[PDB]
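> Sending over start13.txt (compact mmCIF, C-alpha atoms).
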```
# COMPACT_ATOMS: atom_id res chain seq x y z
CA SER A 1 -2.90 15.71 -1.90
CA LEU A 2 -3.31 14.72 1.75
CA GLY A 3 -3.57 11.09 2.84
CA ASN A 4 -1.63 9.68 -0.13
CA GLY A 5 -0.32 6.84 2.04
CA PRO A 6 -3.78 5.35 2.91
CA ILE A 7 -5.04 2.72 0.47
CA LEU A 8 -8.26 4.71 -0.08
CA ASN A 9 -6.37 7.24 -2.20
CA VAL A 10 -5.19 4.46 -4.51
CA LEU A 11 -8.72 3.14 -4.96
CA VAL A 12 -9.98 6.57 -6.00
CA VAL A 13 -7.34 6.87 -8.72
CA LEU A 14 -8.17 3.45 -10.14
CA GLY A 15 -11.89 4.18 -10.23
CA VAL A 16 -11.76 7.45 -12.15
CA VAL A 17 -9.29 6.10 -14.72
CA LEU A 18 -11.47 3.09 -15.54
CA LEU A 19 -14.58 5.26 -15.88
CA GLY A 20 -12.87 7.43 -18.48
CA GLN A 21 -11.86 4.39 -20.52
CA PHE A 22 -15.46 3.17 -20.61
CA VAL A 23 -16.62 6.53 -21.96
CA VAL A 24 -14.11 6.24 -24.81
CA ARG A 25 -15.50 2.83 -25.75
CA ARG A 26 -19.03 4.23 -25.91
CA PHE A 27 -17.96 6.97 -28.31
CA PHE A 28 -16.37 4.45 -30.67
CA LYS A 29 -19.59 2.41 -30.56
CA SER A 30 -22.46 3.73 -32.69
```
Can I see the file as structure tokens?

Amino acid sequence: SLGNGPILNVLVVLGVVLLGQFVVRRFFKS
């Protein structure tokens, strides 16, 4: 990907990962 150096790229990665984890929790919860 382009612009890996910039901090913005890092933030994007963190955001998507966390979102996925939340979804998993919801599934477990009934």
> Would you give the centre and edge lengths, in Å to one decimal, of a box along x, y and z around the listed atoms of segment 17-23 of chain A, with 6 Å added to each side, as AutoDock Vina command-line options?

```
--center_x -13.0 --center_y 5.3 --center_z -18.3 --size_x 19.3 --size_y 16.3 --size_z 19.2
```
> Kindly give the distance, in Å, that separates atom CA of residue 15 of chain A and atom CA of residue 1 of chain A, rounded to a single decimal.
16.8 Å
> Do you have the atom CA of residue 21 of chain A-atom CA of residue 4 of chain A distance handy?
23.4 Å
> Need a file for segment 2-16 of chain A from that block: C-alpha atoms, written as a PDB file, in the first residue's frame.

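Below is the file that was written, out18.pdb:
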```pdb
ATOM      1  CA  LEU A   2       1.070   3.611  -0.507  1.00  0.00           C
ATOM      2  CA  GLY A   3       1.728   5.952   2.414  1.00  0.00           C
ATOM      3  CA  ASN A   4       2.652   3.197   4.883  1.00  0.00           C
ATOM      4  CA  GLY A   5       5.039   5.562   6.672  1.00  0.00           C
ATOM      5  CA  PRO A   6       2.366   8.173   7.675  1.00  0.00           C
ATOM      6  CA  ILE A   7       0.694   7.531  11.034  1.00  0.00           C
ATOM      7  CA  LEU A   8      -2.752   7.581   9.378  1.00  0.00           C
ATOM      8  CA  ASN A   9      -2.116   4.139   7.889  1.00  0.00           C
ATOM      9  CA  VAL A  10      -1.464   2.734  11.357  1.00  0.00           C
ATOM     10  CA  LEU A  11      -4.704   4.184  12.718  1.00  0.00           C
ATOM     11  CA  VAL A  12      -6.716   2.546   9.941  1.00  0.00           C
ATOM     12  CA  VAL A  13      -5.294  -0.888  10.743  1.00  0.00           C
ATOM     13  CA  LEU A  14      -6.087  -0.540  14.443  1.00  0.00           C
ATOM     14  CA  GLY A  15      -9.664   0.545  13.770  1.00  0.00           C
ATOM     15  CA  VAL A  16     -10.687  -2.317  11.498  1.00  0.00           C
TER      16      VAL A  16
END
```
